[PDB]
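Have a look at the structure below before the remarks.
Proteins come first, then strands; the chains are lettered A, B, ... in the order of their sequence lines, and each starts at number 1. Hydrogens, waters and symmetry mates play no part in the numbers below; they use all other heavy atoms, side chains included.
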Amino acid sequence: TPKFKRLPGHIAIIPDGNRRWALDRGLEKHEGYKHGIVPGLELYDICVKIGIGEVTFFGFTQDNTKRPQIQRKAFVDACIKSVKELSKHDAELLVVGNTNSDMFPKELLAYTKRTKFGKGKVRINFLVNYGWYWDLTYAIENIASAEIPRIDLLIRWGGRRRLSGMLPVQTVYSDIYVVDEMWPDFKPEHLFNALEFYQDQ
Amino acid sequence: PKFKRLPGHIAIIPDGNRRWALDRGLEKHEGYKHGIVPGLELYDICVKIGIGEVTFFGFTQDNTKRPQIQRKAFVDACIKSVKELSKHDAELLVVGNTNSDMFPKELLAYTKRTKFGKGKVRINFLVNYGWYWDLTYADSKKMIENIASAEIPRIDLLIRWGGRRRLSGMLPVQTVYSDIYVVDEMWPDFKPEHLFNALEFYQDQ
Ligand code: DMA
Ligand code: DMA
Ligand code: DMA
Ligand code: DMA
Ligand SMILES: [Mg+2]
Ligand SMILES: [Mg+2]
């Protein structure tokens, strides 16, 4: 770990590129999501080691649930597994999203109140059946995502330079770092590169 | 140059005027007058290539807290930019907090979209703008349809000069899906190739 002079208080993660990653390996589009679980756990372990206090993962949007059933079932399954795996570590977990929907996984309702697992060394938020319009209209201190603070640094995998409607209130001033590799090809150097960028701003 | 796909609506963040001035050995406030011609050049290129709508980030409410000599210069440059475009076929709209002593009175004529000449392109300017003012301006549908910037549509491509990779609270509703292109050069060092590069990037998305 570099001797950072500064870290972001709050990083947002956009774990994009799972379908492209799968197709490149000769898999079906829906098979990439299960390969995005261990990267999230590796990113959690780095954040705990270096002292990042809060991480928000973009799980899936309301628009994502319009995708074919086989893809929706796979990404929902992978999101559930991610939250459950992180609950075995020292994470204070919160899931934010539209629970008044058939598309919100019932397995994740338990985590819609921030829950401390183990030593609670990092706060981890997950956006699940999330939509920016749902978030803003829920209401500014009363937006649906009000428990999620301002983001310092947003890191997106899969090479697209856009927010895909992640938390428009919290991302107003965020520095944005884009990794061209797809999310399942996560490496520590992607996070370290983004943190060097952040402290150099 | 010829493009396969063009964005309907480009947003511009003309950042880096003070760094540009200090690099040229000038006083911090002297960069802003050198940001006007870059704006007119971009408009000219947009009219030529056929971009329908351009929104310029002029200045925020937070920017008004800068030293007076900087504020008078950047306000003056925004007014000059709007007046000049008024002479060249732009449909102009200025969005910002008019209920403030920091809203330039010379731009009150533009707070309802106005066609000049042939109205070849829709040009919007954010002046004395803040994201919080915008969203809170606002049933919950009638609210988001009634944000202060509601007459500014969704942005396809946002181009920012000065090398910072952030939105600085530009139009959070309209930038949710925008593709973002960052030019490392400061805004007064604008060249056509900066816009061409951003449009090659956009058509490849
Ligand atoms: C749930 C979700 C949207 C995951 C991000 O990857 P993706 O399914 O968008 O993959 P790709 O960007 O390759 O289509
Ligand atoms: C994990 C996640 C939600 C990524 C972005 O969603 P997307 O791939 O649907 O967005 P876009 O089409 O804007 O790239
Ligand atoms: C009105 C305004 C905020 C202009 C953008 O350039 P700047 O004055 O922020 O310059 P710099 O980024 O070099 O300080
Ligand atoms: C032209 C313009 C309003 C740019 C952003 O202003 P900034 O320099 O105030 O923003 P930041 O501090 O986010 O770089
Ligand atoms: Mg995607
Ligand atoms: Mg600046």
Side-chain angles (χ1 to χ4, degrees), chain A residues 9-16 18 33-34 36-37 39-41 43-44 47-48 52-67 69 71-152 154-155 163-172 174 183, chain B residues 135 140 143-144 172 176:
Chain A
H10 178 194
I11 298 173
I13 301 301
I14 300 182
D16 193 38
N18 302 295
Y33 298 117
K34 62 191 174 191
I37 298 162
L41 301 178
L43 187 146
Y44 157 89
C47 287
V48 165
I52 301 293
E54 183 152 17
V55 182
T56 302
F57 290 97
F58 211 174
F60 70 85
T61 61
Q62 296 186 102
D63 277 337
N64 289 333
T65 72
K66 297 167 134 45
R67 291 181 180 183
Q69 184 156 44
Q71 290 180 34
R72 179 177 62 254
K73 285 191 190 225
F75 65 65
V76 164
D77 187 69
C79 286
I80 298 169
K81 176 65 164 188
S82 291
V83 176
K84 292 193 160 154
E85 289 295 330
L86 283 165
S87 82
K88 291 181 212 168
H89 308 267
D90 300 303
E92 297 188 275
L93 273 35
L94 172 71
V95 172
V96 167
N98 183 9
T99 62
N100 299 298
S101 172
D102 301 285
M103 294 297 187
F104 192 100
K106 305 257 200 312
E107 298 87 345
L108 293 187
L109 294 169
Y111 309 88
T112 59
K113 169 145 135 206
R114 193 168 266 124
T115 307
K116 159 166 176 188
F117 297 87
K119 298 183 193 269
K121 287 188 200 292
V122 58
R123 307 199 133 179
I124 303 187
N125 318 116
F126 300 87
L127 305 183
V128 169
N129 201 39
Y130 174 92
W132 66 269
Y133 179 86
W134 166 84
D135 185 12
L136 289 187
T137 63
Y138 196 83
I140 256 48
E141 268 251 302
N142 296 305
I143 65 180
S145 65
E147 295 294 318
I148 298 175
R150 181 164 287 167
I151 292 157
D152 299 302
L154 186 146
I155 319 171
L163 300 180
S164 305
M166 193 180 190
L167 296 169
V169 168
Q170 295 92 335
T171 58
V172 288
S174 316
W183 173 243
Chain B
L135 289 185
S140 69
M143 245 228 324
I144 264 44
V176 284

Once you round to the nearest 0.5 Å, how far does [atom1] of [X] lie from [atom2] of [Y]?
{"X": "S82(A)", "Y": "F126(A)", "atom1": "OG", "atom2": "CZ", "answer": "6.5 Å"}
{"X": "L127(A)", "Y": "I14(A)", "atom1": "CG", "atom2": "CD1", "answer": "9.0 Å"}
{"X": "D135(A)", "Y": "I143(A)", "atom1": "CG", "atom2": "CD1", "answer": "4.5 Å"}
{"X": "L43(A)", "Y": "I13(A)", "atom1": "CG", "atom2": "CD1", "answer": "4.5 Å"}
{"X": "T56(A)", "Y": "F58(A)", "atom1": "OG1", "atom2": "CZ", "answer": "11.0 Å"}
{"X": "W132(A)", "Y": "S164(A)", "atom1": "CH2", "atom2": "OG", "answer": "13.0 Å"}

Exercise for review: Specify whether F57(A) and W183(A) have parallel, tilted or perpendicular ring planes, treating 30° as the upper limit for parallel and 60° as the lower limit for perpendicular.
Suggested key: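 Ring orientation of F57(A) relative to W183(A): perpendicular.
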**Study point:** Parallel, tilted or perpendicular: ring planes of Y111(A) versus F117(A), cut at 30 and 60 degrees
**Key:**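 Tilted.
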Compare every heavy atom of [Y] with every heavy atom of [X], then report the nearest pair and how far apart it is.
{"X": "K116(A)", "Y": "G118(A)", "value": "CE-O, 3.2 Å"}
{"X": "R72(A)", "Y": "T65(A)", "value": "NH1-O, 3.1 Å"}
{"X": "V176(B)", "Y": "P168(A)", "value": "CG1-CB, 4.2 Å"}
{"X": "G36(A)", "Y": "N18(A)", "value": "CA-OD1, 4.2 Å"}
{"X": "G9(A)", "Y": "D152(A)", "value": "N-OD2, 2.9 Å"}

Exercise for review: Evaluate side chain to side chain contact (heavy atoms under 4.5 Å, CB included) for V55(A) paired with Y44(A), printing each intermediate quantity in order.
Suggested key: CA-CA 8 Å; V55(A) 182; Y44(A) 157 89; over 6 Å; no
Contact between [X] and [Y] at the side-chain level, heavy atoms closer than 4.5 Å - yes or no?
{"X": "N64(A)", "Y": "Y130(A)", "value": "no"}
{"X": "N125(A)", "Y": "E54(A)", "value": "yes"}
{"X": "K34(A)", "Y": "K81(A)", "value": "no"}
{"X": "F60(A)", "Y": "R67(A)", "value": "no"}
{"X": "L108(A)", "Y": "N129(A)", "value": "no"}
{"X": "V169(A)", "Y": "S145(A)", "value": "no"}
{"X": "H10(A)", "Y": "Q170(A)", "value": "no"}
{"X": "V76(A)", "Y": "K73(A)", "value": "no"}

Point to revise | Whether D90(A) side chain and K121(A) backbone form a donor-acceptor pair below 3.5 Å | key: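 Pair absent, no side-chain N/O of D90(A) close to backbone of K121(A).
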Exercise for review: Start with the C-alpha distance between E147(A) and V96(A), add both sets of side-chain angles, then the distance that settles side chain to side chain contact (heavy atoms under 4.5 Å, CB included), and finish with yes or no.
Suggested key: CA-CA 9 Å; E147(A) 295 294 318; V96(A) 167; 5.5 Å; no
Check your understanding: Any ion pair linking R123(A) and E92(A) (charged N to carboxylate O, less than 4.0 Å)?
Key ->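 Salt bridge: yes.
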**Study point:** Test item: side-chain donor near acceptor, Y33(A) and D77(A), under 3.5 Å
**Key:**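 Distance-only check fails for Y33(A) and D77(A).
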